[PDB]
>>> print(open('entry-v3.txt').read())   # compact mmCIF, C-alpha atoms
# COMPACT_ATOMS: atom_id res chain seq x y z
CA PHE A 1 -21.81 6.17 18.64
CA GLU A 2 -19.23 6.05 15.87
CA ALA A 3 -19.45 3.17 13.44
CA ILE A 4 -17.05 0.95 11.53
CA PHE A 5 -19.02 0.14 8.39
CA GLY A 6 -16.49 -2.33 7.03
CA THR A 7 -12.97 -3.75 7.00
CA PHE A 8 -11.54 -4.49 3.56
CA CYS A 9 -8.68 -6.53 2.12
CA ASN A 10 -7.22 -6.48 -1.39
CA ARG A 11 -7.72 -9.61 -3.50
CA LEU A 12 -4.54 -10.28 -5.47
CA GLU A 13 -4.30 -11.29 -9.12
CA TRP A 14 -2.02 -14.27 -9.75
CA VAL A 15 0.03 -14.48 -12.94
CA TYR A 16 1.81 -17.50 -14.39
CA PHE A 17 4.54 -17.66 -17.00
CA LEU A 18 2.84 -20.08 -19.39
CA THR A 19 -0.42 -18.11 -19.34
CA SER A 20 1.30 -15.01 -20.74
CA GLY A 21 1.67 -14.29 -24.43
CA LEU A 22 5.36 -13.55 -23.86
CA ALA A 23 5.75 -17.29 -23.27
CA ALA A 24 5.22 -17.73 -27.02
CA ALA A 25 8.86 -16.76 -27.55
CA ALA A 26 9.88 -19.39 -24.99
CA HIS A 27 10.34 -23.15 -25.15
CA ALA A 28 10.09 -23.92 -21.44
CA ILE A 29 11.80 -26.97 -19.96
CA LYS A 30 12.54 -28.41 -16.52
CA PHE A 31 15.92 -30.01 -15.82
CA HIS A 32 16.61 -31.48 -12.38
CA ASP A 33 20.41 -31.53 -12.83
CA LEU A 34 20.56 -27.87 -13.88
CA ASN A 35 22.74 -26.87 -10.92
CA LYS A 36 25.36 -29.42 -12.01
CA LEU A 37 25.46 -28.04 -15.59
CA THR A 38 28.27 -25.99 -17.05
CA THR A 39 26.95 -24.03 -20.00
CA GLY A 40 25.50 -26.15 -22.80
CA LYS A 41 26.07 -25.77 -26.52
CA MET A 42 24.73 -26.60 -29.98
CA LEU A 43 26.77 -27.42 -33.09
CA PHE A 44 25.94 -26.62 -36.72
CA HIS A 45 27.38 -27.81 -40.03
CA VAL A 46 26.55 -26.13 -43.34
CA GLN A 47 27.86 -26.82 -46.83
CA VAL A 48 27.16 -23.98 -49.25
CA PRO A 49 26.13 -24.60 -52.86
CA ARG A 50 28.06 -23.22 -55.82
CA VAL A 51 27.61 -22.54 -59.53
CA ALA A 52 29.60 -23.81 -62.50
CA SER A 53 31.87 -21.15 -63.97
CA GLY A 54 32.60 -20.37 -67.60
CA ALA A 55 35.79 -20.74 -69.61
CA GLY A 56 38.84 -18.90 -68.31
CA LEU A 57 37.36 -17.75 -65.01
CA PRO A 58 38.60 -19.23 -61.72
CA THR A 59 36.35 -21.82 -60.07
CA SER A 60 35.01 -21.89 -56.51
CA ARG A 61 36.26 -24.50 -54.06
CA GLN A 62 33.68 -26.15 -51.81
CA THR A 63 33.55 -24.80 -48.24
CA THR A 64 32.19 -26.19 -44.98
CA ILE A 65 31.18 -23.75 -42.24
CA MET A 66 30.85 -25.07 -38.68
CA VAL A 67 29.56 -22.81 -35.89
CA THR A 68 28.55 -23.07 -32.23
CA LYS A 69 25.87 -21.47 -30.05
CA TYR A 70 26.00 -21.28 -26.26
CA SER A 71 23.62 -20.73 -23.35
CA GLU A 72 23.30 -18.11 -20.61
CA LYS A 73 22.60 -18.50 -16.89
CA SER A 74 20.61 -16.04 -14.74
CA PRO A 75 18.97 -17.16 -11.46
CA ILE A 76 16.35 -15.22 -9.47
CA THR A 77 15.52 -14.88 -5.76
CA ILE A 78 12.91 -13.43 -3.37
CA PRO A 79 12.60 -13.57 0.46
CA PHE A 80 9.69 -13.67 2.90
CA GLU A 81 10.00 -12.84 6.60
CA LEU A 82 8.28 -14.33 9.64
CA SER A 83 8.57 -12.84 13.11
CA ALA A 84 9.55 -14.77 16.22
CA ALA A 85 6.17 -14.01 17.83
CA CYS A 86 4.44 -15.44 14.76
CA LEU A 87 6.65 -18.52 14.96
CA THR A 88 6.07 -19.17 18.66
CA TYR A 89 2.31 -18.76 18.26
CA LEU A 90 2.37 -21.00 15.19
CA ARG A 91 4.22 -23.73 17.08
CA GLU A 92 2.57 -23.86 20.50
CA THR A 93 -0.72 -23.24 22.28
CA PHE A 94 -0.60 -21.63 25.72
CA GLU A 95 -4.21 -21.94 26.90
CA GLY A 96 -7.54 -22.87 25.38
CA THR A 97 -8.92 -19.35 25.68
CA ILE A 98 -10.58 -17.75 22.68
CA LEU A 99 -7.87 -15.09 22.37
CA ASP A 100 -5.10 -17.68 22.19
CA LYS A 101 -7.05 -19.50 19.48
CA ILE A 102 -7.26 -16.20 17.61
CA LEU A 103 -3.50 -15.75 17.86
CA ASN A 104 -2.81 -19.31 16.66
CA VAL A 105 -5.11 -18.99 13.64
CA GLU A 106 -3.61 -15.57 12.91
CA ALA A 107 -0.07 -16.99 12.84
CA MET A 108 -1.23 -19.74 10.48
CA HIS A 109 -2.85 -17.16 8.20
CA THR A 110 0.30 -15.00 8.28
CA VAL A 111 2.40 -17.93 7.06
CA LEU A 112 -0.14 -18.86 4.38
CA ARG A 113 -0.30 -15.30 3.01
CA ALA A 114 3.51 -15.08 2.95
CA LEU A 115 3.88 -18.34 1.02
CA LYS A 116 1.23 -17.33 -1.53
CA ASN A 117 2.86 -13.92 -2.02
CA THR A 118 6.28 -15.49 -2.56
CA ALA A 119 4.92 -18.00 -5.09
CA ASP A 120 3.31 -15.24 -7.14
CA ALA A 121 6.54 -13.24 -6.91
CA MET A 122 8.43 -16.22 -8.32
CA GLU A 123 6.13 -16.49 -11.34
CA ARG A 124 6.39 -12.73 -11.96
CA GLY A 125 10.17 -12.84 -11.56
CA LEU A 126 10.44 -15.59 -14.16
CA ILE A 127 8.44 -13.46 -16.60
CA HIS A 128 10.61 -10.44 -15.82
CA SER A 129 13.85 -12.40 -16.31
CA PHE A 130 12.73 -13.75 -19.68
CA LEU A 131 11.68 -10.28 -20.88
CA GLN A 132 15.07 -8.94 -19.82
CA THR A 133 16.79 -11.70 -21.79
CA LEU A 134 14.77 -10.84 -24.89
CA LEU A 135 15.57 -7.14 -24.56
CA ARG A 136 19.25 -7.96 -24.07
CA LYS A 137 19.49 -9.95 -27.30
CA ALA A 138 17.28 -7.77 -29.54
CA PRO A 139 18.93 -5.19 -31.83
CA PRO A 140 16.99 -2.05 -32.79
CA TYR A 141 15.05 -1.45 -35.98
CA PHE A 142 17.68 0.51 -37.88
CA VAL A 143 20.34 -2.20 -37.51
CA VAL A 144 18.05 -5.03 -38.63
CA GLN A 145 16.61 -3.04 -41.53
CA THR A 146 20.10 -2.13 -42.72
CA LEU A 147 20.90 -5.84 -42.53
CA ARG B 1 6.33 -8.53 -5.62
CA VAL B 2 8.84 -9.60 -8.29
CA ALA B 3 11.81 -11.91 -7.74
CA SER B 4 15.20 -10.28 -8.23
CA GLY B 5 18.23 -11.26 -10.28
CA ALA B 6 21.84 -11.29 -9.14
CA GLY B 7 23.22 -8.00 -7.85
CA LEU B 8 19.90 -6.22 -7.30
CA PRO B 9 18.29 -5.75 -3.86
CA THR B 10 15.27 -7.96 -3.33
CA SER B 11 12.04 -6.20 -2.39
CA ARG B 12 10.56 -6.66 1.08
CA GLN B 13 6.96 -7.31 2.05
CA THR B 14 4.82 -4.32 2.99
CA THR B 15 1.39 -3.97 4.59
CA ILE B 16 -0.44 -0.70 3.93
CA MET B 17 -3.42 0.31 6.06
CA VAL B 18 -5.61 3.36 5.42
CA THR B 19 -8.89 4.71 6.82
CA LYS B 20 -11.72 6.83 5.42
CA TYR B 21 -14.35 8.89 7.22
CA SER B 22 -17.87 10.12 6.52
CA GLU B 23 -19.22 13.68 6.35
CA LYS B 24 -22.43 15.46 7.37
CA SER B 25 -24.58 18.05 5.58
CA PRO B 26 -28.10 18.53 6.95
CA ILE B 27 -30.75 20.44 4.99
CA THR B 28 -33.83 22.35 6.15
CA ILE B 29 -36.83 23.94 4.46
CA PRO B 30 -39.76 25.68 6.19
CA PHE B 31 -43.38 26.16 5.29
CA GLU B 32 -45.82 28.40 7.15
CA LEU B 33 -49.59 28.73 7.44
CA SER B 34 -51.71 31.66 8.58
CA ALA B 35 -53.97 31.52 11.62
CA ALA B 36 -57.00 31.97 9.35
CA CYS B 37 -56.06 28.77 7.51
CA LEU B 38 -55.81 26.96 10.84
CA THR B 39 -59.19 28.35 11.93
CA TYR B 40 -61.04 27.48 8.72
CA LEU B 41 -59.48 24.02 8.52
CA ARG B 42 -61.25 22.87 11.70
CA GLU B 43 -64.22 25.20 12.16
CA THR B 44 -67.41 25.28 10.07
CA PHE B 45 -69.42 28.37 10.95
CA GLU B 46 -73.13 27.70 10.31
CA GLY B 47 -72.38 25.47 7.32
CA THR B 48 -73.41 27.79 4.48
CA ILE B 49 -71.99 27.38 0.96
CA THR C 1 -34.41 1.95 -20.25
CA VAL C 2 -32.39 1.37 -17.09
CA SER C 3 -33.19 -0.77 -14.05
CA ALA C 4 -32.59 1.34 -10.94
CA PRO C 5 -33.34 0.57 -7.29
CA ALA C 6 -36.88 1.54 -6.38
CA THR C 7 -36.33 2.36 -2.69
CA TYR C 8 -33.65 3.39 -0.22
CA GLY C 9 -31.95 0.58 1.67
CA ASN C 10 -32.35 -0.04 5.41
CA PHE C 11 -29.30 0.16 7.68
CA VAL C 12 -30.22 -1.49 10.99
CA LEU C 13 -28.48 -2.19 14.29
CA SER C 14 -28.29 -5.61 15.92
CA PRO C 15 -28.82 -5.90 19.70
CA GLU C 16 -25.08 -6.35 20.20
CA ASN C 17 -24.69 -3.08 18.33
CA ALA C 18 -27.09 -1.54 20.85
CA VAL C 19 -25.14 -2.92 23.83
CA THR C 20 -21.84 -1.72 22.38
CA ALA C 21 -23.23 1.73 21.54
CA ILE C 22 -24.47 2.08 25.13
CA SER C 23 -21.33 0.84 26.84
CA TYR C 24 -18.55 2.07 24.52
CA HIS C 25 -20.18 4.70 22.24
CA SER C 26 -19.06 2.57 19.30
CA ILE C 27 -20.54 0.36 16.57
CA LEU C 28 -19.02 -2.59 14.74
CA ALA C 29 -21.43 -3.44 11.94
CA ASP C 30 -22.11 -7.14 11.39
CA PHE C 31 -20.80 -7.68 14.91
CA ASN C 32 -22.12 -11.23 15.20
CA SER C 33 -20.78 -12.12 11.74
CA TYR C 34 -17.37 -10.82 12.83
CA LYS C 35 -17.68 -12.94 15.97
CA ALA C 36 -18.62 -16.10 14.08
CA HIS C 37 -15.84 -15.75 11.51
CA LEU C 38 -13.30 -14.88 14.21
CA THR C 39 -14.15 -17.87 16.40
CA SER C 40 -14.50 -20.34 13.52
CA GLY C 41 -11.16 -19.20 12.09
CA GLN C 42 -12.36 -17.90 8.73
CA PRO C 43 -10.21 -15.05 7.38
CA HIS C 44 -12.74 -13.36 5.07
CA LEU C 45 -16.24 -11.99 5.48
CA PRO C 46 -18.63 -12.50 2.55
CA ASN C 47 -19.61 -8.87 1.97
CA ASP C 48 -19.60 -5.28 3.19
CA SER C 49 -22.11 -4.08 5.79
>>> encode(input="entry-v3.txt", output="structure tokens")
Amino acid sequence: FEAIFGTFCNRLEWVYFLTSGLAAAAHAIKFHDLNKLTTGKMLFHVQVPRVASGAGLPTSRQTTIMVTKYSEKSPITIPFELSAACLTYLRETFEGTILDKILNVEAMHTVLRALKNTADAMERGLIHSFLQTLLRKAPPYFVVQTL
Amino acid sequence: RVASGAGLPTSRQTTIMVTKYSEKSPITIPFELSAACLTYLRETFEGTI
Amino acid sequence: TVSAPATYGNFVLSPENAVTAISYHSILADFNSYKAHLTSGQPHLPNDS
């Protein structure tokens, strides 16, 4: 005889955005009207101090500096596929035979694996998008040290 | 898998299946005994010292 | 000082393994466990044969 000693399956590791240390740079918020939002903004108002000047020299008038900051938008996406045979087995039972039961349970397990995989992919894609944002805004060492 | 941003192709599911096989390597060692050993093992001639 | 296994393990064949070796020249180890998990609808076995 020839023997099958075992059949193996990889156990996945699930990651979440909040569990990462990269989330420390984030202030994460849910907003159920986000699709209806045109980009949001923040307003700032600063009045600088000044020093009294000596005789003869011109004085400094008092300035107000008002600035604005804006937001960026960047959605993400991922698909999962199900076959028509998987769908028809998932929906309906033909006969009560053991094989048909196997096919029904197998379609259910196919769908469950696909949903779990997509959910993990969504968490990972959020992490990836935030890291890309950080790399997009971050200037290199020589610029910031010169500043 | 990792979700994709605008303009980049999203990655599809894959299932990868591999197999591994055993191997064989028998070993052999002999030992041999002389017919005198086989005689004296069983037979006690007259029982002297 | 290290704790190591004192004896070789024992790989044994179930009677369904015997029937399948006779009829098909093949072995599926833990055949009855595979059967029970397959019929109950449980997607994972507990451990390797």
>>> atom_distance(input="entry-v3.txt", atom1="CA of residue 130 (chain A)", atom2="CA of residue 17 (chain A)")
9.5 Å
>>> residues_around(input="entry-v3.txt", residues="residue 99 (chain A)", least_positions_apart="4", cutoff="10 Å", atoms="all atoms listed in the file", output="list in words")
residues 95, 103, 104 and 105 of chain A; 38 and 39 of chain C
>>> atom_distance(input="entry-v3.txt", atom1="CA of residue 61 (chain A)", atom2="CA of residue 43 (chain A)")
23.2 Å
>>> interface_residues(input="entry-v3.txt", of="chain A", to="chain B", cutoff="9 Å", atoms="all atoms listed in the file", output="PyMOL selection string")
chain A and resi 74-81+114+117-118+120-126+128-129
>>> closest_atom_pairs(input="entry-v3.txt", of="chain A", to="chain C", cutoff="6 Å", atoms="all atoms listed in the file", output="tab-separated table")
residue	atom	partner	partner_atom	distance
A:1	CA	C:25	CA	4.2
A:2	CA	C:26	CA	4.9
A:3	CA	C:27	CA	4.3
A:4	CA	C:28	CA	5.2
A:5	CA	C:29	CA	5.6
A:6	CA	C:48	CA	5.8
>>> atom_distance(input="entry-v3.txt", atom1="CA of residue 92 (chain A)", atom2="CA of residue 116 (chain A)")
23.0 Å
>>> residues_around(input="entry-v3.txt", residues="residue 131 (chain A)", least_positions_apart="2", cutoff="12 Å", atoms="all atoms listed in the file", output="mmCIF file with C-alpha atoms, keeping the file's coordinate frame")
data_model
loop_
_atom_site.group_PDB
_atom_site.id
_atom_site.type_symbol
_atom_site.label_atom_id
_atom_site.label_comp_id
_atom_site.auth_asym_id
_atom_site.auth_seq_id
_atom_site.Cartn_x
_atom_site.Cartn_y
_atom_site.Cartn_z
ATOM 1 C CA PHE A 17 4.540 -17.660 -17.000
ATOM 2 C CA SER A 20 1.300 -15.010 -20.740
ATOM 3 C CA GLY A 21 1.670 -14.290 -24.430
ATOM 4 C CA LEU A 22 5.360 -13.550 -23.860
ATOM 5 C CA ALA A 23 5.750 -17.290 -23.270
ATOM 6 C CA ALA A 24 5.220 -17.730 -27.020
ATOM 7 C CA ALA A 25 8.860 -16.760 -27.550
ATOM 8 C CA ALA A 26 9.880 -19.390 -24.990
ATOM 9 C CA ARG A 124 6.390 -12.730 -11.960
ATOM 10 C CA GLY A 125 10.170 -12.840 -11.560
ATOM 11 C CA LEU A 126 10.440 -15.590 -14.160
ATOM 12 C CA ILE A 127 8.440 -13.460 -16.600
ATOM 13 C CA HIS A 128 10.610 -10.440 -15.820
ATOM 14 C CA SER A 129 13.850 -12.400 -16.310
ATOM 15 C CA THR A 133 16.790 -11.700 -21.790
ATOM 16 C CA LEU A 134 14.770 -10.840 -24.890
ATOM 17 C CA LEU A 135 15.570 -7.140 -24.560
ATOM 18 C CA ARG A 136 19.250 -7.960 -24.070
ATOM 19 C CA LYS A 137 19.490 -9.950 -27.300
ATOM 20 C CA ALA A 138 17.280 -7.770 -29.540
#
>>> decode(input="entry-v3.txt", residues="chain C", atoms="C-alpha atoms", output="PDB file, in the first residue's frame")
ATOM      1  CA  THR C   1      19.814  18.034  31.165  1.00  0.00           C
ATOM      2  CA  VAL C   2      17.259  17.507  28.411  1.00  0.00           C
ATOM      3  CA  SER C   3      14.028  15.506  28.447  1.00  0.00           C
ATOM      4  CA  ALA C   4      13.980  13.308  25.337  1.00  0.00           C
ATOM      5  CA  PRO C   5      11.532  10.569  24.328  1.00  0.00           C
ATOM      6  CA  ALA C   6      12.536   7.223  25.792  1.00  0.00           C
ATOM      7  CA  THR C   7      11.131   4.951  23.067  1.00  0.00           C
ATOM      8  CA  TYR C   8      10.126   4.922  19.420  1.00  0.00           C
ATOM      9  CA  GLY C   9       6.473   5.611  18.678  1.00  0.00           C
ATOM     10  CA  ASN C  10       4.038   3.014  17.298  1.00  0.00           C
ATOM     11  CA  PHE C  11       2.391   3.601  13.915  1.00  0.00           C
ATOM     12  CA  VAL C  12      -0.554   1.199  13.647  1.00  0.00           C
ATOM     13  CA  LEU C  13      -3.236   0.417  11.074  1.00  0.00           C
ATOM     14  CA  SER C  14      -6.956   0.383  11.810  1.00  0.00           C
ATOM     15  CA  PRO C  15      -9.108  -2.418  10.345  1.00  0.00           C
ATOM     16  CA  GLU C  16     -10.482  -0.001   7.740  1.00  0.00           C
ATOM     17  CA  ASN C  17      -6.864   0.640   6.803  1.00  0.00           C
ATOM     18  CA  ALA C  18      -6.490  -3.123   6.354  1.00  0.00           C
ATOM     19  CA  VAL C  19      -9.590  -3.362   4.153  1.00  0.00           C
ATOM     20  CA  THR C  20      -8.473  -0.408   2.044  1.00  0.00           C
ATOM     21  CA  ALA C  21      -4.920  -1.746   1.691  1.00  0.00           C
ATOM     22  CA  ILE C  22      -6.314  -5.080   0.488  1.00  0.00           C
ATOM     23  CA  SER C  23      -8.859  -3.680  -1.937  1.00  0.00           C
ATOM     24  CA  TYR C  24      -7.147  -0.526  -3.250  1.00  0.00           C
ATOM     25  CA  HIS C  25      -3.453  -0.853  -2.268  1.00  0.00           C
ATOM     26  CA  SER C  26      -3.843   2.447  -0.415  1.00  0.00           C
ATOM     27  CA  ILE C  27      -3.906   3.798   3.142  1.00  0.00           C
ATOM     28  CA  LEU C  28      -5.644   6.861   4.546  1.00  0.00           C
ATOM     29  CA  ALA C  29      -4.377   7.243   8.097  1.00  0.00           C
ATOM     30  CA  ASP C  30      -6.992   8.121  10.720  1.00  0.00           C
ATOM     31  CA  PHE C  31      -9.577   6.847   8.243  1.00  0.00           C
ATOM     32  CA  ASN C  32     -12.395   6.675  10.791  1.00  0.00           C
ATOM     33  CA  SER C  33     -11.535  10.138  12.135  1.00  0.00           C
ATOM     34  CA  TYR C  34     -11.704  11.463   8.571  1.00  0.00           C
ATOM     35  CA  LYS C  35     -15.071   9.728   8.205  1.00  0.00           C
ATOM     36  CA  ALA C  36     -16.478  11.158  11.433  1.00  0.00           C
ATOM     37  CA  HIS C  37     -15.351  14.715  10.699  1.00  0.00           C
ATOM     38  CA  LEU C  38     -16.573  14.478   7.103  1.00  0.00           C
ATOM     39  CA  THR C  39     -20.043  13.225   8.041  1.00  0.00           C
ATOM     40  CA  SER C  40     -20.463  15.545  11.038  1.00  0.00           C
ATOM     41  CA  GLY C  41     -19.410  18.526   8.921  1.00  0.00           C
ATOM     42  CA  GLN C  42     -16.308  19.566  10.849  1.00  0.00           C
ATOM     43  CA  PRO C  43     -13.670  21.213   8.646  1.00  0.00           C
ATOM     44  CA  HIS C  44     -10.547  20.518  10.743  1.00  0.00           C
ATOM     45  CA  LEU C  45      -8.958  17.432  12.238  1.00  0.00           C
ATOM     46  CA  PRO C  46      -7.344  17.831  15.672  1.00  0.00           C
ATOM     47  CA  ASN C  47      -3.855  16.568  14.819  1.00  0.00           C
ATOM     48  CA  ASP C  48      -1.561  14.810  12.361  1.00  0.00           C
ATOM     49  CA  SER C  49      -1.475  11.018  12.113  1.00  0.00           C
TER      50      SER C  49
END
